[PDB]
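Take a look at this one chain, the form deposited in one PDB entry, written out in structure tokens.
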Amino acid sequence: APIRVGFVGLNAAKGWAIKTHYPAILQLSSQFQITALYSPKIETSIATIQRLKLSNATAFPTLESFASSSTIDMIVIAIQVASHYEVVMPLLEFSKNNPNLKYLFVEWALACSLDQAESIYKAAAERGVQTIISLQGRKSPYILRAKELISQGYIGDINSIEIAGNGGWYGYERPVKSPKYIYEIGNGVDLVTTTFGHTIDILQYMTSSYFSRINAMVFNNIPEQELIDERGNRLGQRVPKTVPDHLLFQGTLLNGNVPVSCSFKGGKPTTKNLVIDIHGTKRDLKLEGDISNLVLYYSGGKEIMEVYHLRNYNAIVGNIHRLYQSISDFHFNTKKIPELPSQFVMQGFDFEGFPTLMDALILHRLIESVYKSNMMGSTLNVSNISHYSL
């Protein structure tokens, strides 16, 4: 009994679902089957079902028909964040005509605001389905290895943490091929919501702790970006940006009152794309990007440096792949654990399962708080965002 997958945002010729979700589902052909597909232009659906040989997938005409169908067990939404609310709300409502629906899978970010995120959570929860959020960083071999080392005491207690990252396209330059919408505030995609969001979430996941207090400063020091061509050359035309080009973030982890210092540049470096330095009482641990490297440093007049590196791990489809596998594994209870619940509220810091919309919701609360902290100009108590309900 293969999980039947209804897909919104899959296009064989365009988009990133074809580049991440599809390869994963293709490899787990046993555990998953695409039985439904929807998009405004019913053509590309049909086109895709053909171009990919999806002999079980039928192209639905309306969102209503799509959502009502009973040939669907898991719905995946892989469209722009700005469209999440407008699509998911009605979808969840029509969903009520599908007695078989068990799963709703949404990409991060969940929505364009905490308000929206809360509405979607509420609607999903009052729908009864198990939810998944694409925080696929939680499935990285590197993240999982670092989480084990830390929780098993190899690091000792954590003294302090530093993080330095880049957001890619939020510096001085903008590829002409890049959609305006992702540079306008409130469209659910930006340096803080997205890049910092994925990163600060894996940080909490790895150290198994939420924050107690935070302070942030959010910058738009680059209100106008220079258009560039494919070759990297400027086109002599400026365009406006209302999303941030820098984030300064500092805070304390609840567990141990651990100092965390973080700096995210919008743009590009004249280096490593991401570094997370975790300083322990027994060892230091470092994760590095272009999350493709894990370093462990310690001592027996002698220093030891140990480097964990996978080749050739493709993180992009690989992390998603493992998320898809988790959904199968929790579903089919493969480890055959009697106690395992049929559904959970949230992964939290568990190795098990997969992050849900509640994990997404808590992250949204942290992101809202980052922006609030900047606006208010004060350090904020965020100790209860994981458990207040709300």
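One rule holds for the numbers: they count along the sequence shown, beginning at 1.
Although it is not shown, the form solved in complex with a partner chain is what the next lines describe.
Not one of 103, 125 and 341 comes within 4.5 Å of the partner chain in the entry with it bound, counting any heavy atom. Stretch 182 to 190 is the answer when you ask which of 68 to 76, 89 to 97, 117 to 125, 182 to 190 has residues with heavy atoms within 4.5 Å of the partner chain in the entry with it bound.
When the partner chain is considered in the entry with it bound, residue 16 lines it closely, a heavy atom lying within 4.5 Å.
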